[PDB]
Amino acid sequence: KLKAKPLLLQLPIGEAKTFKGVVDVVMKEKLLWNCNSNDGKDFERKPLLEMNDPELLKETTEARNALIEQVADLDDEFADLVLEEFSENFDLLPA
Amino acid sequence: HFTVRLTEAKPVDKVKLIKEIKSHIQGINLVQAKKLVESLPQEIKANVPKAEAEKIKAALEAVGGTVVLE
């Protein structure tokens, strides 16, 4: 009902009072917040818990594939680059 | 009904062909479309009506594609 195609870039951990962190799509990392003020003065970067959570890994890679598909269908030059170099990789490049 | 065939893909229209294929098939993915476009000669659609075949061939040739009908 807004009539605009969105590009999801982040996946929350929880919804109802359990949203304690986010998972980035372009960077394949998780950001956590455990404090009251400034939530640790920074965000804690432990990328996908070092290849340990299969569900998180699968969701993150599926989100990355969806984002890549969206951006490639939208832009033509990026579509050309995906066509030319990173087709079967599905993991083009970090950032 | 008619059948459509993509004969050759132009080196400079490689970028524009894939988007048209994606918008025309409506059921294919990006890498599958790329394999379709790199595996010429290869069929695109079959048992397509005449008007739809004309529209898709016109849209495919306006972006730099070699299209034939059988």
Legend entry - Which numbered condition B:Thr3 fails, given (1) within 11 Å of chain A (Cβ to nearest Cβ); (2) touching an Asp or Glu at 6+ places or on another chain (Cβ under 8 Å); (3) surrounded by fewer than 16 Cβ atoms within 10 Å (Cβ to Cβ): (1)
Inset, instruction - Name the one entry in A:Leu31, A:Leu8 that is away from chain B (no Cβ under 14 Å), in contact with a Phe, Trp or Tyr (Cβ under 9 Å, 6 or more places away or on another chain) and not acidic (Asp, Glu). - result: A:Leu31
Legend entry - Residue that is surrounded by the most Cβ atoms within 10 Å (Cβ to Cβ), among those in region A:48-68 that are acidic (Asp, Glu) and more than 14 Å from chain B (Cβ to nearest Cβ): A:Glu59
Inset, instruction - Please list, ordered by first then second residue, the pairs with beta carbon atoms under 8 Å, 6 or more apart or interchain, first in region A:69-93 and closer than 25 Å to A:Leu57 by Cβ and more than 9 Å from chain B (Cβ to nearest Cβ), second surrounded by fewer than 16 Cβ atoms within 10 Å (Cβ to Cβ) and of a type in the set (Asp, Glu). - result: A:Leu92/A:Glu85
Inset, instruction - Filter region B:30-54 for residues that are more than 20 Å from A:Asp76 (Cβ to Cβ), under 11 Å from the mean Cα position of the chain (by Cα) and part of a helix (DSSP H, G or I) and give the result. - result: B:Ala53
Inset, instruction - Select from region B:7-39 the residues that are buried (at least 17 other Cβ atoms within 10 Å of the Cβ), aliphatic (A, V, I, L, M) and under 22 Å from A:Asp91 (Cα atoms) and write down the one among them that is farthest from the other protein chains (Cβ to nearest Cβ). - result: B:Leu36
Inset, instruction - Can you give me the number of residues within region A:2-47 that are surrounded by 10 or more Cβ atoms within 10 Å (Cβ to Cβ) and of a type in the set (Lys, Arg)? - result: 5
Inset, instruction - Check off (1) within 13 Å of chain A (Cβ to nearest Cβ); (2) farther than 17 Å from A:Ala66 by Cα for B:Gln42 and give me the number that stays unchecked. - result: (1)
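Cβ atoms come from the backbone with ideal geometry, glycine included; neighbour counts cover every protein chain shown. Where a number appears in this text, it was derived from the coordinates with a stated rule and is not lab data.
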